[PDB]
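> Numbering (the authors' numbering), first residue to last: 1 to 50.
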């Protein structure tokens, strides 16, 4: 086939996209962001969202 026709490794490549979305949604990603950023809310962001 040809990539122009439909695109080789198109849907397969996007498979990782779903995993990324789930990871971002999870609080784990937020932790990496807060820790990496080095800036804490110390008010609302800090602790449970509630």
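Even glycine gets a Cβ: it sits at the ideal position worked out from N, Cα and C.
#1: Given this structure, state the Cα-to-Cα distance separating residue 49 from residue 6, to the nearest angstrom.
#2: Look at residue 23 and residue 29 and say whether their C-beta atoms are less than 7 Å apart.
#3: Just how far apart, CA to CA, sit residue 1 and residue 14?
#4: Can the beta-carbon of residue 40 be found less than 7 Å from the beta-carbon of residue 46?
#5: Can you list, in chain order, the residues of its chain whose CB lies under 7 Å from that of residue 8, leaving out five sequence neighbours each side?
According to the data block:
#1: Distance between the alpha carbons of residue 49 and residue 6 is about 44 Å.
#2: Result yes, Cβ atoms of residue 23 and residue 29 sit closer than 7 Å.
#3: Computed Cα separation, rounded: 19 Å.
#4: Contact: yes.
#5: Closer than 7 Å at Cβ, skipping near neighbours: 1.
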